[PDB]
């Protein structure tokens, strides 16, 4: 066990940031209900959820980017009283030692949630995948592996033997997009009407959760970015966020909003998903 690798994992891979609550996650009502029931409760009380009825050792969250997979991973950790380790699969590419160290550290910090983003690149190098399967199969340890992917088609039958529950985390529905605007705007000075909120919701069809969050952030900076020179005005004097700030924000975010393959995800979800 190299102390420099241990340091790297403790400093950069282990999460030390704010906790995440269920209410921070908009939509995905089914995923949240299922995770609470089959993952978090058994993680909190393995003395009652014995079995068989214990938590899975591995799950898969899948869907397009920015739908809340990492958020859900962090929430699993927070709500189960666990430590959270987050790493992208490519950062493992020494790789074998990194994987081993990652599980060793997690074992010392139990219960632990290990979140691996783009896990498809790990499960398809051969040597890294082998050591990872060694580690997950071995995992008595209170470790949950949460894999995330935008490419579930690259998660094969052998990988599905390890990631035994798989949940589709889709783009937010209208109700979820509304949820996000209201939640983020409640933290700001904002003067939107209910009609204007509905318009924002209608105009953000196909936006991800991350796009909705960047929309709101851009909208929040609109007032300051709209002041013309004449510096008298101090922060407390600036006007509230208004519909125009959102219309302007749409012009920033919409060009980064990707247009399509929900088919692939829905197909896979019907086949292998909860």
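Residue numbers count along the first chain shown, from 1.
K.L.:
Which class describes the count of deposited residues lacking coordinates between residue 139 and residue 140: none, 1 to 3, 4 to 9, or 10 or more?
P.N.:
Some 4 to 9 residues are missing between them.
K.L.:
I want to verify a possible break: how many residues of the deposited sequence sit between residue 93 and residue 94 without any coordinates (none, 1 to 3, 4 to 9, 10 or more)?
P.N.:
According to the record, 4 to 9 deposited residues lack coordinates from residue 93 to residue 94.
K.L.:
Given the B-factors recorded for C-alpha atoms, which segment has the greater mean, 182-190 or 162-170?
P.N.:
That would be 182-190.
K.L.:
With respect to the recorded C-alpha B factors, which stretch has the higher mean value, 44-52 or 242-250?
P.N.:
Looking at the recorded C-alpha B-factors, 44-52 comes out higher on average.
K.L.:
Please pick out which of 155, 71, 134, 113 has the largest Cα B-factor as recorded in the entry.
P.N.:
By C-alpha B-factor in the record, 134 ranks first.
K.L.:
Select one of 233, 61, 210, 216: the residue whose C-alpha shows the highest B-factor in the crystal structure entry.
P.N.:
Out of 233, 61, 210, 216, the record gives the largest C-alpha B-factor to 233.
K.L.:
Could you tell me which third, lowest, middle or highest, the C-alpha B-factor of residue 177 occupies within its chain?
P.N.:
As the PDB entry reports it, the C-alpha B-factor of residue 177 lands in the lowest third of its chain.
K.L.:
Going by the CA temperature factor in the PDB record, which third of the chain does residue 149 belong to: lowest, middle or highest?
P.N.:
Lowest third.
K.L.:
Split into thirds by Cα B-factor across the chain's modelled residues, where does residue 200 land: lowest, middle or highest?
P.N.:
Bottom third by C-alpha B-factor.
K.L.:
Give the position of residue 67 by CA B-factor within its chain, expressed as the lowest, middle or highest third.
P.N.:
It falls in the bottom third of the chain.
K.L.:
Looking at the temperature factor on the CA atom of residue 228, which third of the chain's modelled residues does it land in?
P.N.:
Its C-alpha B-factor, which the entry lists for residue 228, ranks in the highest third among residues of this chain.
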